[PDB]
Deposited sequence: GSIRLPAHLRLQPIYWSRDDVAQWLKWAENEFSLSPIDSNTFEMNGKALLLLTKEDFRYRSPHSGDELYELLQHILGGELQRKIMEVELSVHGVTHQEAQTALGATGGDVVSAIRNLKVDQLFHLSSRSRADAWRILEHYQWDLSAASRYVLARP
């Protein structure tokens, strides 16, 4: 499907629209109006399967599984980058790859790193400060 050869996290809005049409014809789906799913590939990853069904009762579950067969870890990278301030894709991917897939540990260790960067304190102090403020990098960031 041409431009669809890139990771779904990089899909623009029109890539999503062309992915829908491609799925409809490749899988003989019921008509999928392009007006639905008016979003880019980053947004598609945040939708639940239930959201796919509400948008496409005829094909929603199929589209969601087809996106799962295409691309899993991308949702996690998104969650990490959405939980910590200004994290790159490769950073979230690197952090999760160390976390073993644990998004919770991955966000914490990145917040601990991000706090440590702004603080002259020990890294064990950063972990205590961030935990004292319930892993709220903003409220543990103003302290410095």
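Unmodelled regions (deposited sequence positions with no C-alpha coordinates, counted from 1) are 1 to 5, 77 to 78, 152 to 155.
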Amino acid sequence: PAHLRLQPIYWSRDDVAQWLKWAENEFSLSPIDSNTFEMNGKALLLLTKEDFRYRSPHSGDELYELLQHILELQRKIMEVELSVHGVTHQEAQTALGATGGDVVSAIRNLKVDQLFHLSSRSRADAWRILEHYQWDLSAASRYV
From here on, numbers count along this sequence of modelled residues.
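Mean CA temperature factor is higher for 80 to 88 when stretches 38 to 46 and 80 to 88 are set side by side in the entry. Comparing 5 to 13 with 122 to 130, the stretch with the higher mean C-alpha B-factor in the PDB entry is 122 to 130. In the PDB entry, the Cα temperature factor peaks, among 32, 110, 70, 98, at 98.
In the PDB entry, residue 28 places in the lowest third of its chain by CA B-factor. Among all modelled residues in its chain, residue 58 ranks in the middle third by Cα B-factor.
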